[PDB]
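Counting starts at 1 for both ligands and their atoms, following the listed order. Each residue takes its place number in the sequence, starting with 1.
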Amino acid sequence: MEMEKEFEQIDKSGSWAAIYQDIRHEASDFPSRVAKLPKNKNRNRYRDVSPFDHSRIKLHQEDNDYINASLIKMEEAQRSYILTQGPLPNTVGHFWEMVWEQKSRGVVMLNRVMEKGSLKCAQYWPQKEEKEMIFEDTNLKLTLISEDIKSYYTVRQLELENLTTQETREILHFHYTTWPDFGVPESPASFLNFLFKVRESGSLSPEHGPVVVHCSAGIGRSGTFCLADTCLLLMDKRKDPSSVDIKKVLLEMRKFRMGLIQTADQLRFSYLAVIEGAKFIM
Ligand SMILES: COCC(=O)N[C@H](C)c1ccccc1
């Protein structure tokens, strides 16, 4: 079926939970043996969210190459994304090592450091120009260059230096700051505006490594971001845009990382975002 009318048909029939459970039943299951080794327990935020072995990002290190991060490679859309968990106190150095080694231009953050009164990720970037951060375990230095605070999101320019070679790179940090503590946004308008700002920066483009996107577990809000982007890109590429099937795209993405889209409300919100976004494109 088309999307907008399949949408109204699920709303009127109140069957979002049954659609979402079908997706969960049909999703791929692949091994995640490296994630579960005992030496990696303090590298995982949640015991039930792990990268598959076949698609995990490897750190360029001989001691321990593990990070909770996955490469989602979308062949028809010609987009790639790295989805990862919010960094932990003992993985902030690994996070920036990955950014460096994978040649990423942008980092997309979809959570706040504290939500619901609890810490959802580490404070992994500097808050003042004159107070830079040094990650000694991976030999990197990180400096805040500028910061632009808007009503729904903040953009930061950062300098990342590889202290071993003295090479430097400019990283863009795109921080969506207004996702509600419970549920999903009432309108997709600010999320779409945020997506378009990431696109306009060049961070999603083939002349760079894959964008790094994260929330707390790296599967819910993060999944919503890449699912919406990819579906809109396919609607631009194809002769028949109504042939884009959002459930089939989601199941393709779940071949690369488990659990993408965590609730039926997130699924509905993803439909809403693609539907509204397809009107603005034209
Ligand atoms: C006032 O800055 C507007 C603005 O978008 N700033 C952001 C932080 C930016 C983007 C690209 C390069 C440098 C800085």
Should the pair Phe52 and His54 be assigned to parallel (<30°), tilted (30 to 60°) or perpendicular (>60°) ring geometry? parallel
Of all residues at least two apart in sequence or in a different chain, which pass the side chain to side chain contact (heavy atoms under 4.5 Å, CB included) check with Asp22? none
Residue pairs, two or more places apart or on separate chains, that pass side chain to side chain donor-acceptor pair (under 3.5 Å) and touch residues 265-274: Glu6-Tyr271, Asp11-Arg268
Do the numbers put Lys116 on top of the ring of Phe182, so that NZ or CZ is under 6.0 Å from the six-membered ring centre and no more than 45° off the axis? yes
Close residues, ligand 1: non-hydrogen atom nearer than 4.0 Å: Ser146, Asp148, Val155, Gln157
Charged N-O contact under 4.0 Å between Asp240 and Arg238: no
Side chain to side chain contact (heavy atoms under 4.5 Å, CB included) partners of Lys39, counting only residues at least two apart: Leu37, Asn64
